[PDB]
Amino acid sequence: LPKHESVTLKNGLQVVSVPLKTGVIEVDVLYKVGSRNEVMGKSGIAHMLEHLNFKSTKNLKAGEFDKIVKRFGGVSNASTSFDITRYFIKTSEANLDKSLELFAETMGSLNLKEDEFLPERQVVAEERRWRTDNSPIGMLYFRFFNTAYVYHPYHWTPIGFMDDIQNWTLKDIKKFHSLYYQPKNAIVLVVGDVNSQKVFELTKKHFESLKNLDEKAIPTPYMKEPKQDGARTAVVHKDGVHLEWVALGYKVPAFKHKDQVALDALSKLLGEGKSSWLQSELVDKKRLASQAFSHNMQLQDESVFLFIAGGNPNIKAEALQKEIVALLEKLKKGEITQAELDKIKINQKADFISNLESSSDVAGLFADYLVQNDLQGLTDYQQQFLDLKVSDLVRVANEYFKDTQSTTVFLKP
């Protein structure tokens, strides 16, 4: 709904301004880089650069970035996913200059020293060690994508394999950074109470001078997942866990597909909200699961509709899967009430306008669509969403929720 103005610099750095209205803004730097741009053996680098991006540059010390942003009362965070690496500072419009100055300092001026690479690697090694190896939901998450994808880089989670992390080199990281953190592969997004013309010329002051690597184009990943040809399963026995978990995922179209809208709605009906089907049946009523939810991941390439449930003590994961399937079979039968379709539709209207208030929520929307160049899909989202009928939620259900596209993972003691 909100209007936007975009301009492209001579180096390829796309600048996008979204005027919003109380001085509060968020300045984003997006990199069209994810773990999907990695290769098995040298994975996890996409996430490693997130840690390294806040290290010493030419004019900044090893922690000077996080200290300068703290000085004008701003907040800074960063995240790397499958398809995008995103940095952002949320502050007032008064600090729009220094924020752009800071981000430019880390783009075309960032140097990765050895005495910074070594200490940070063993840190990420611990992040792998304690958030995937010795973590219930984390291990299930990683092992699922190991099973659901065989060839495409979605074979692994942005954290990457442990041995990969252990065998990184400074050269490997510099090559990955220099190639993928080029101005041509980046986007500057500013959202909040700021002037679009003011943002453009001020972005030019810090980014027009920065240059790219060569003239060649960014290497495009070619590892396309072959169509899934039947159910894949994997059971994971791991000491350290006590409860029994299960992940059920169905193969789902790429980002720009028309059916992604109905899927998003299916997620909010099945396992998203205090009144979802999973929460009501498995958690509330039958009390089989302590936690149960769904998430229609909107990955750039061939994505996946994900179910995750961690049952109560002494409850097998085969019972969880059997009951989730039971719900899905009731779904494919067309058992959706008008009230359910209505409640999800009115809750979407509510959640939408609530996000238009905060600049941080708005920038999150565009960021996911800017990197895909599907802004037209963003603007037409609500109109296509509210015009959804039960027929649409059932067509999509019977379309992608087949066992032949299913990937099931059991987590047992």
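Residue numbers run from 1 along the displayed sequence.
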Quiz item: Which class fits the unmodelled deposited stretch between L20 and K21: none, 1 to 3, 4 to 9, or 10 or more?
Solution: 1 to 3
Practice problem: Mind pulling up the entry and telling me whether 234 to 242 or 199 to 207 has the higher mean Cα temperature factor? | Solution: 199 to 207
Exercise. May I ask you to compare 122 to 130 and 139 to 147 by their mean CA B factor in the entry and name the higher one?
Key: 122 to 130
Self-check item: Residue of maximum C-alpha B factor among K224, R71, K184, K227, per deposited coordinates
Solution: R71
Self-check item: Given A46, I346, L30, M40, the residue at which the Cα B factor reaches its maximum
Solution: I346
Quiz item: Comparing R36 with the other modelled residues of its chain, is its CA B-factor in the lowest, middle or highest third?
Solution: lowest
Quiz item: Split the chain's modelled residues into thirds by Cα B-factor; is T106 in the lowest, middle or highest one?
Solution: middle
Quiz item: Which third of the chain holds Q338 when residues are ordered by C-alpha B factor: lowest, middle or highest?
Solution: middle
Quiz item: How does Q14 rank on Cα B-factor within its chain, lowest, middle or highest third?
Solution: middle
Quiz item: Is the Cα B-factor recorded for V390 in the lowest, middle or highest third of its chain?
Solution: middle
